[PDB]
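K.L.:
Take these chains first, placed just as they are in the complex:
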Amino acid sequence: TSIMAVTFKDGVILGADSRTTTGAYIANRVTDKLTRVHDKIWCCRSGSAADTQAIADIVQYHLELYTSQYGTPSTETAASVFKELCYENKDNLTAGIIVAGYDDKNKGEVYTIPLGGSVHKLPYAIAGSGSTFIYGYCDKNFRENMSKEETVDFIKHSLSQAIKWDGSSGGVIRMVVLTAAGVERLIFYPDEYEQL
Amino acid sequence: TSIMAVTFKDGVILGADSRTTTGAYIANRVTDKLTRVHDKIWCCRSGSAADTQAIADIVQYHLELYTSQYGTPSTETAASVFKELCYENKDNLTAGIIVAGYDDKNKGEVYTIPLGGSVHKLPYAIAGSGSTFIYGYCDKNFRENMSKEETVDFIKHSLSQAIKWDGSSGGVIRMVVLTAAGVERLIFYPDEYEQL
Amino acid sequence: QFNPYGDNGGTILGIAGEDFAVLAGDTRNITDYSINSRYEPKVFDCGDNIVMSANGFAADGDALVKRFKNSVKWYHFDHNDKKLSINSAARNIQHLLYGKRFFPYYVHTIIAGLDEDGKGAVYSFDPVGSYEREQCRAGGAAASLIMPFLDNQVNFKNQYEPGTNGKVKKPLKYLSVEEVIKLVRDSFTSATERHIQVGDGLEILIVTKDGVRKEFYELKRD
Amino acid sequence: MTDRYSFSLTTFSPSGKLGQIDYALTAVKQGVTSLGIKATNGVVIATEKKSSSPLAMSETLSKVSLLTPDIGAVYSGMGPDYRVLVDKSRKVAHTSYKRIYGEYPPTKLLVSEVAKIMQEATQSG
Amino acid sequence: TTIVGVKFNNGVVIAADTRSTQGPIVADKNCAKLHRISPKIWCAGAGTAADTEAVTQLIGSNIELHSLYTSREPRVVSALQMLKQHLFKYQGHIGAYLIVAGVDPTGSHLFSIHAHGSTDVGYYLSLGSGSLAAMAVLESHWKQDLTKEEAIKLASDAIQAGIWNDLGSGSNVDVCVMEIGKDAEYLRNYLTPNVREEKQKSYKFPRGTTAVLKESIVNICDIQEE
Amino acid sequence: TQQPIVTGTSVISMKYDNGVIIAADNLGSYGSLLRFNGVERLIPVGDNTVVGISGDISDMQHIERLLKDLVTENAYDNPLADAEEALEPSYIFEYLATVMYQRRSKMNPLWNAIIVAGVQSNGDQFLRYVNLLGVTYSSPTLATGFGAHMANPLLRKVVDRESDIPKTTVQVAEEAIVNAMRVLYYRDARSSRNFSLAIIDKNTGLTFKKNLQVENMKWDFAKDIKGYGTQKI
Amino acid sequence: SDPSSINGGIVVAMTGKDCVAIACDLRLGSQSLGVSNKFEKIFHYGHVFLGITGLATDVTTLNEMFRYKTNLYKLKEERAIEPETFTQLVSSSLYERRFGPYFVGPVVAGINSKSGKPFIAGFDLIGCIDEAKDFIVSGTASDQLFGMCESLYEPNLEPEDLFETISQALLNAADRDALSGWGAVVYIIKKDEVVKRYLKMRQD
Amino acid sequence: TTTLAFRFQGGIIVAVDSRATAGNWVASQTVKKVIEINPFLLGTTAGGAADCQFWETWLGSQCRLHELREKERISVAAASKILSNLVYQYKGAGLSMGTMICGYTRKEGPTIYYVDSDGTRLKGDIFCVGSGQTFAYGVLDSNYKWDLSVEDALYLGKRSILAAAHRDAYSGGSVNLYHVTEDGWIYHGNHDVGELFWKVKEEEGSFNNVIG
Amino acid sequence: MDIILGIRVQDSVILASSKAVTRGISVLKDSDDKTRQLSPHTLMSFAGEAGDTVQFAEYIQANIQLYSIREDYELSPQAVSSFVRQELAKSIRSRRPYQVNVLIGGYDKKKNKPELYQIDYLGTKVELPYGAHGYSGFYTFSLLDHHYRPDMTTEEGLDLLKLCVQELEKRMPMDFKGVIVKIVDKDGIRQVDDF
């Protein structure tokens, strides 16, 4: 798996590959690892698919009940609910989740939650088996307050390299754009990103 | 450990960090991992220090005896002797060696020899624990027939990132330049490469 | 795997006199080959003229001492400020220790004081609560270095009266508090020389009818 | 190949003489004079440095050799045979004594070891 | 064990503590850890004590024979090469961890050797259980172009850090100074900061205290004449 | 029973004449990966206490929340919450020490080594240690992990016993701490150049210094070092 | 299971003024079972004395080995071996079995016949020499012996005083060890006379 | 450890050694392996020292509550069964106990029950428990008779512990003797094995192998 | 095998050895003689692992018989016991050690003295007035310690031996099917056919 979330001027963009493997067999080559817990709060999932789906579903339930009572939750609140589940059940979970969301007050925010259940607010985050190969590239190429087109290129180029080297990653590059304008899904196929 | 060798227009340059660890303790922070087996055939060492020193010393002996009888050996010949030792003794060795050399006929050549004892001739090679973090960066930034100054910058920037993310790597960035002009040693300190 | 136990080193020594009692212990606290503290008190005044030390794993040691001090406090509440006698304290500590029979306090406990007749008393416990009144007891790391010396110099074991040649034993004459303290100091000086975990400082608590008194002595810091 | 000379080249003649030993002694007789004198507080050994050529540096050719810090040797006869005996004598002082007892061998025992090596070349194949 | 090596202006110095241990028990309180490979090539050993002693005597023996054979004074690189190839052959089973230092016609040298056969070059080095305490001192006070007096001070201070802070090290400080164009000076018990205080009591027994069953004269002499 | 995932390395500290100093680098490692470079591992409680934490970071964040919650709880029905009945270092430590030992006794520890540094109401210096086993101890100098092996020896040269504390100034103490942090950066493979330092003085109060860097490093001698034995070039 | 503590037993050696002393218990056992109360652990080759603790078969084997070697030494050297030389021989002999060692704790004691200097030495199972001035200890109650010796010992004791010190060191150490005791022997060694004394002790 | 107890004409003899070891290290030579449950009942300690001390002291409390409720001395059968039923609840948890519950009542006469941490409960005439039990059994079996006098029976129990104390490395220190009668137990002193061995050797002529 | 005892009296050595041979579940034989005559005045009993016991005993027997022929002379019991010890001491560091414990009972014709030697599989030799191997000593030594005298007659030794066997038959869980008893004295070796 290769997943990342990047903040930029207008908000935040989540990016992910689509490969799910059982050993060396690709069980699903068109997986959707970008999942929605609220209207403008999404997450990237890595680790146990069963665990991360179970967690995400519980979070979506919590934020839905939150919204009914207290109105729209912050991205920080969503990250806290993820953390609470991951931290308290650390012995029985294998989940690496990146939380990304757009407020109007706070704008684009990114939180990463690694295995332990800790929380780290970052300008951008990378995770999954394929992320190891692009720590150098992402650190050198990331800038704050990029444009939408620049951020899409940054994520596309980053995940392209992660896919190139990581056998556990592959397929299409999915992306979800979170801004004041709304929610935009993007997809990029092998013939496009491999030649980069 | 973070090591690499890069061919360019005038020849080849070997690069390496200087950190040697025993667990989390840095046993030597000024290690020289760039070692000479012949006048213009050097190697980068990763893995067991005892194994790679023992191997290198045997190779140096073989190439010295080769030179006495048959004149200057090719870089390919040096790589073959490394391979023979690593392949035949694969059960008792933990060695990852990059071989780099300069002929006048063949110019700059780079051969990598991973754990198994296989040989791979490449335009450039990266290896060691820190190499994982710069596969993306190096693939995006490498060009063939670079100048000396460009290749030095490429290696410096690459190993800078490897050092930044890999705890097993660090210290100074050592480099050795192999050209028709001769053999030039370079060193770059933390205050220089960290700010890149 | 998580290992809930550890070894904090240290050595303790309890000696019962005729009308007094001493409980001594070094002040060094360690893990593996490192020194945590050169002065970390190990022998404690628990009230009611009782002194205590729980040597071994310091976290369990501190927990037990804390719980016993608490037991003394509640004994006063429940029984009209009655003085907890050393024999009653000993039986109480057995139950505290045996209470964790299947997850023991990893310590070797010693208490000292005076019995109800005013005579010197020392009690020795194993980790799970088996106990016994004793005249002389070293505990901890250098216990094997100290006890044979005490058998010889306190109880006069293997010592016979010159001229008789093995026929008449050396008589068991009573030792003064000054004489005991000399043997305690020499025991710890010798233990410091030959045991790496012993050193830094020696703290002795002396119990008499007048109360509890403290004495401190330097030990080699290597 | 293989050393197929597994038999003795020194043998008793009808008269009871060991020819090759006698002939070796004859070679020693032709050799340059060397001597030794023992004093109460020391011993001296001496010989002539017969230079084969004036262009040769006779300092490089050492006829008198240190065997141990307290033992020295000089010879008469064939120089090359001496040189290899010194090498063997130095090594045997370590392997069969110093590495066992942690000290250098006494003169008589080192002599005994050198003698043994020379005896074996008189009987071996 | 705490052992260090420090380069200086015209040579090199090595130092060591004097405590040898059997688990938590101190076997010898004044152990000699500075070993001689050759007159001007000395080394200090940590790890398995028999292996360090045995491997230095063996290489020291072969170095002597080599020196006689070549009519040259022994070199540190030769000791280094012979040690590492021997240790590598035995794949770490010979538990010898050494700091090798010395002077020869090539100059002054300082190397460390690990049990598996790996070697390192440096201006300052430390080995043993107190190596971290010693290396802390070395990293705090080392500089280029040290004098002989400064290097002895630094080396002994590094050993002291091990003596006081490492339980595996203690007692005294041994030092050996190897300067170029000079005899190496072995300074046994250079510092003595751990003398035992006078005991409170004498434990000399009255004669006849021990009970005896039988007495006899043992015949240590040879078989006699007549 | 767990295993630590994201970890923090050495915390070092010492007493001086008027108070205590404590320091810790800003790194959150992920095994050999130097993952997070902006992690604050010194957490102040009030204006008189700083809790330095090493080990598992997720457990550190949990402990951080307990201390934040402790301050809130202390203020409840407490008119003297910012005066006589404010939280002392000794109260904060004993609370943590209780939790740590309870958690180890349930075979589910907080995988940390903690140093509580502060100054009491009466001006007394407070410096005490506690870890995942619930083991506690106090000393003029305290350090966790690698700090115990490399920092303590250096800090003990300044304050070797109790009587050296009044003789040690804040400038000398800070100098020793900063040097120790440099030594750890040279020699600890799980350390970073960036660190935080906190001083708690009985007169000048709590001084919290962020974004400090290891400087005045010696590396030049590395150029002369060649090969691993025989190599000259 | 542990070869060095199957049979049990102890040896201690001390230096005095112009004299040395070496002593041992007499027990041989099979773990808990007492088998022999006459198993002496001290031997001598000329004027050099050797105590050996540990696995009893190896104690016997090494004694036979050093008798063998010191006998050949004497024939070739035309003189009895000295303590300093014998110590190196013991060390060499143990280390040649580096990866298959004798499970023993040898102790050398004796006076150099030429210099008159008292000498003691100890070894680990693998040959490492411990050359202490004061005392050497070995066996299953070595901790106890270290404690006794460290407190009881003082330098330059006369032969008849040294006897009392080493005897009390041995006896009281053995009484705190289950696998030691069942009798004891003490050798008092001077330059040209040696006295051997059997001690009376508890037999449990 | 060596502990024994046997029934005879005059009641019960109980005899134990006094040594306590942690591996080869002799922790104590003055350990009490007879628990005085009450003035009429005795128990021996082998295996776990704490387990035997704690639960036999507890047994005394149960026996006291019995005779308060029932206004009658508890039987040895009932007393032993309280202990065996208790340890049987803990079976598997790792209790280590090997004991003889000894008593003399009207209805039963002199009675000995061997009780075990495996839940075993055996009535018998002669029992030996501990690392040196086999040595004590030999002396007992060859010399035991029902019509022994109280003097001779006491000596037999003493001599049997001495036999074990000599041979068994984990037994020794001193011998504690008890004589159990219907009116209660009677303590017959602490006897140092060191002094006892030489005394017995001379007077009896035994242990000729040992030099004295 | 199981139980082997030995007792040295005034003028002879008596060896008692069990007759049972068990192979796991069943007792295959109840009349097995666990001993070999090494020389006219030297007898060796043995117990240990199956096969190794007899293989070792017969190997020793052959070697002593070879020595007897070569020199036309009977080795002393001490000399034989030292030879046996060395073989076992050699064996313990071998690829596959002999798992054999032995008692060597002999009468020294030179010294006119009976001698009993106990040697275990490690090569641990001891000269004793009485001895055993395995668990046999645990039951019998307390009786031997009590009753034994160095001036005992052969008949008294046999009575003390009967008492030892009776204690074994009472307290041992295993049925060793009684013992074969042999006496070694100045006249040689003979078997007590009724015991």
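P.N.:
Nice, I can see it. Numbers count the residues shown, from 1 in each chain, chains lettered A, B, ... in the order given.

K.L.:
Give me the three-state assignment for residue C:207.
P.N.:
Under the three-state scheme (DSSP: H, G, I helix; E, B strand; the rest coil), residue C:207 adopts strand.

K.L.:
now the helices for chain F?
P.N.:
F:57-75, F:89-105, F:146-156, F:170-187 (DSSP state H).

K.L.:
just chain H next, same as before
P.N.:
According to DSSP H, the helices that chain H contains are H:49-70, H:76-89, H:133-143, H:150-167, H:193-204.

K.L.:
Quick check: which element contains residue 46?
P.N.:
Let's take chain A. strand A:41-47 (DSSP states H and E).

K.L.:
Switch to chain E, please.
P.N.:
strand E:41-47.

K.L.:
Tell me how many other residues surround residue I:174.
P.N.:
13 (other CB atoms under 10 Å in any protein chain shown). Bear in mind the C-beta positions are built from the backbone N, C-alpha and C, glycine included.

K.L.:
Can you tell me the closest non-neighbouring residue to it?
P.N.:
residue I:2 (6.2 Å; CB to CB, 6 or more residues apart in numbering or on different chains).

K.L.:
Who are the contact partners of the closest residue to residue H:187 other than its chain neighbours?
P.N.:
Computed as CB to CB, 6+ apart, the closest residue to residue H:187 that is not its neighbour in sequence is residue H:178, at 5.9 Å. By CB atoms under 8 Å, 6 or more residues apart in numbering or on different chains, the contact set of residue H:178 is H:13-15, H:34, H:42, H:185-188.

K.L.:
In the sheet, which residues pair with residue H:178? Tell me.
P.N.:
residue H:14, residue H:187 (DSSP bridges).

K.L.:
go on, residue H:126?
P.N.:
residue H:6.

K.L.:
picking up where we left off before, tell me which of the helices of chain F sits most buried.
P.N.:
Highest mean neighbour count of these: helix F:146-156, a mean of 27 (counted as mean count of other CB atoms under 10 Å in any protein chain shown).

K.L.:
That helix vs helix F:170-187, what angle?
P.N.:
On the basis of axes from the mean of the first three to the mean of the last three CA atoms, to 10 degrees, helix F:146-156 is oriented at 140 degrees to helix F:170-187.

K.L.:
Name all residues that make contact with the residue nearest to residue I:176 when sequence neighbours are not counted.
P.N.:
Leaving out its chain neighbours, the residue that sits closest to residue I:176 by CB to CB, 6+ apart is residue I:18, at 3.8 Å. With contact taken as CB under 8 Å, 6+ apart, residue I:18 is in contact with I:1-4, I:32, I:34, I:176-179.

K.L.:
check contacts around the nearest residue to residue H:137 once chain neighbours are set aside.
P.N.:
Spatial nearest neighbour of residue H:137, excluding adjacent residues (CB to CB, 6+ apart): residue H:128 at 4.9 Å. Counting by CB under 8 Å, 6+ apart, residue H:128 touches H:2-4, H:134, H:136-137, H:140, H:160.

K.L.:
would you turn those into a markdown table with distance to residue E:152 and neighbour count?
P.N.:
A markdown table is the format used below for the contacts of residue H:128 (distance: CB to CB, whole Å; neighbours: other CB atoms under 10 Å in any protein chain shown):
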| residue | distance to residue E:152 | neighbour count |
| --- | --- | --- |
| H:2 | 63 | 32 |
| H:3 | 66 | 29 |
| H:4 | 70 | 28 |
| H:134 | 66 | 25 |
| H:136 | 68 | 31 |
| H:137 | 71 | 23 |
| H:140 | 74 | 23 |
| H:160 | 70 | 29 |
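
K.L.:
Who are the contact partners of the residue positioned nearest the centre of chain A?
P.N.:
The residue lying closest to the centre of chain A (CA atoms, centre = their mean) is residue A:44, at 2.7 Å. Residue A:44 makes contact with A:3-5, A:14-16, A:33-34, A:97-98, A:100, A:127-128, according to CB under 8 Å, 6+ apart.

K.L.:
put chain J onto that model:
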Amino acid sequence: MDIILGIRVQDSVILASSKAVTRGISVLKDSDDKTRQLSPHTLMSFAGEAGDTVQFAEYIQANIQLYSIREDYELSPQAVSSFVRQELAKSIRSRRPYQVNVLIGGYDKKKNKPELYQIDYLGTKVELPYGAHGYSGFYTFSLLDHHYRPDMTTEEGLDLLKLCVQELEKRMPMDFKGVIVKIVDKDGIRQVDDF
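P.N.:
So, slotting chain J in with the rest:
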């Protein structure tokens, strides 16, 4: 414990049970009665793990005695055996199972027939003419298969039982110290005091 046998003849059931109790290295008792009377005409012998055996047997005894008082009626051997089986079948899936094997010998007063039931620790019940537990059957069943007849007298049954015990005493390695024999018939339960 070790060996327990059972044989159902014409008009009675005979149970033979060993007397030995061995706790490790020593035989602590040689007169142990490994049986309990459940009701006047029903006897249960038992063998298995220490403690569990007697605890189980006495628990069953108490329950059958309780039933006898409540109903003033003796349960049939079949009914008792089914109750016992269920307890063992319940036990095998427990936290800590009873490790106990039993034989239930009873005389049914209604049917005027002897009955022998064999139940192992798993709750495996079988009604048999003759039975055993552990290794006892391996030695004895071939003799019982050969000689047994359903119309045997009690005296003939005892003779066949003696032959079985003799074969056990010959070929078993363990000394089980003989057997206590009890007979269950129309008149109740009695012990054969000489065997």
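
K.L.:
The contacts of residue H:128 again, this time with chain J added?
P.N.:
Counted by CB under 8 Å, 6+ apart, residue H:128 has contacts H:2-4, H:134, H:136-137, H:140, H:160, J:26.

K.L.:
One more pass at 6 Å, please.
P.N.:
For residue H:128, the contacting residues are H:4, H:136-137, by CB atoms under 6 Å, 6 or more residues apart in numbering or on different chains.

K.L.:
circling back to that earlier point, strand partners (parallel or antiparallel) of the strand holding residue A:46?
P.N.:
Checking strand A:41-47 against DSSP bridges gives partners strand A:34-38 (antiparallel), strand A:95-102 (antiparallel).

K.L.:
Pick out the residue of chain F closest to chain H.
P.N.:
Nearest residue of chain F to chain H, counting by CB to the nearest CB: residue F:107, 17.4 Å away.

K.L.:
Okay, that residue and residue C:105: tell me how far apart.
P.N.:
16 Å (CB to CB, to the nearest Å).

K.L.:
for the lengthiest helix in chain I, packing partners?
P.N.:
Longest helix of chain I, by residue count under DSSP H: helix I:52-71. Packing contacts for helix I:52-71, counted by 3 or more CB pairs under 6 Å, 6 or more residues apart in numbering or on different chains; DSSP states H and E, involve strand I:35-39, strand I:100-108.

K.L.:
Distance to residue E:88 added to the contacts of residue H:128, as CSV?
P.N.:
Formatted as CSV, the contacts of residue H:128 follow (distance: CB to CB, whole Å):
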residue, distance to residue E:88
H:4, 63
H:136, 60
H:137, 60
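
K.L.:
Chain A versus the spatially most central residue of chain G, what's the distance?
P.N.:
Nearest residue to the geometric centre of chain G (CA atoms, centre = their mean): residue G:51, 2.6 Å. To chain A, residue G:51 is 56 Å away according to CB to the nearest CB, to the nearest Å.

K.L.:
Now that residue: which helix or strand?
P.N.:
With DSSP H and E as criterion, residue G:51 is part of strand G:48-54.

K.L.:
In the helix or strand that comes right after that strand, which residues are buried?
P.N.:
Heading C-terminal from strand G:48-54, the first helix or strand you meet, by DSSP H and E, is helix G:56-77. By 16 or more other CB atoms under 10 Å in any protein chain shown, the buried positions in helix G:56-77 come out as G:56-63, G:66, G:69-70, G:73, G:77.

K.L.:
what does stretch E:198-210 give?
P.N.:
Those buried within stretch E:198-210 under the rule 16+ other CB under 10 Å are E:203, E:205, E:208-210.

K.L.:
quick one: contacts for the residue of chain I found nearest chain B?
P.N.:
Closest to chain B within chain I is residue I:95: 24.3 Å, counting by CB to the nearest CB. Residues near residue I:95 by CB under 6 Å, 6+ apart: none.

K.L.:
Show me the helices in the chain, by range?
P.N.:
This is for chain A. Using DSSP H, helices in chain A cover A:49-70, A:75-88, A:135-141, A:148-165, A:190-193.

K.L.:
please go with chain G instead
P.N.:
According to DSSP H, the helices that chain G contains are G:56-77, G:83-95, G:142-152, G:159-174.

K.L.:
Most tightly packed of the strands paired with strand A:41-47?
P.N.:
strand A:95-102 (a mean of 28).

K.L.:
Kindly export it (C-alpha atoms) in CSV.
P.N.:
Listed next in CSV are the C-alpha coordinates belonging to strand A:95-102 (Å, rounded to 0.1, in the frame of the first residue of the first chain):
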residue,chain,number,x,y,z
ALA,A,95,-3.9,-0.2,11.4
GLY,A,96,-2.0,2.8,10.0
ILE,A,97,-4.5,5.6,9.2
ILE,A,98,-4.0,9.1,7.8
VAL,A,99,-6.9,11.5,8.5
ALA,A,100,-7.5,14.5,6.3
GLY,A,101,-10.2,17.1,6.4
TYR,A,102,-11.4,20.6,5.4
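
K.L.:
Cheers, nothing more for now.
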